[PDB]
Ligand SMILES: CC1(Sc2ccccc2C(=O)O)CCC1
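Quick heads-up: it's one chain on its own, the form solved without this ligand, in structure tokens.
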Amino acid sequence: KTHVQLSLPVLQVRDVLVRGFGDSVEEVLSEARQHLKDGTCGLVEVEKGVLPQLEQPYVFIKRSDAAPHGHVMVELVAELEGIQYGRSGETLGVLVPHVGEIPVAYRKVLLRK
């Protein structure tokens, strides 16, 4: 399927144990996609002071369209030293590995895979 319905656990930035997916744009996009498939991916909502507490390169989920079955259609865009790899809509949050942190909420997304 070109799209997959996922429910992403929303984590508080201070709870996150593994603060990124790796060391290159290509690795973080690769790892983010694997974790999204394996149900081991969390979402951090971006506000003032969040991104400096996480590790670059960043992986964002961004709105790709204006929402089947409650699921917002999203795609992945990476960022490293202020350059983004991908073009998409508004940021829903930054992806991180999920290793058992308790979420505050769930974000229903339809991921372009």
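Sequential numbering from 1, following the sequence displayed.
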Comparing 24 to 32 with 84 to 92, which has the greater mean CA B-factor as deposited? 84 to 92
Mean B factor on CA atoms, stretches 33 to 41 and 68 to 76, record says higher is 68 to 76
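As for the form deposited with this ligand bound, it is not shown, yet the points below apply to it.
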If you check in the deposited complex, is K108 within 4.5 Å of this ligand, heavy atoms only? no
Heavy atom to heavy atom, is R63 within 4.5 Å of this ligand in the deposited complex? no
With the partner left out of view, is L36 within 4.5 angstroms of this ligand in the deposited complex by any non-hydrogen atom? yes
Pick out the residues of 1 to 31 whose heavy atoms come within 4.5 Å of this ligand in the deposited complex. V4, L6
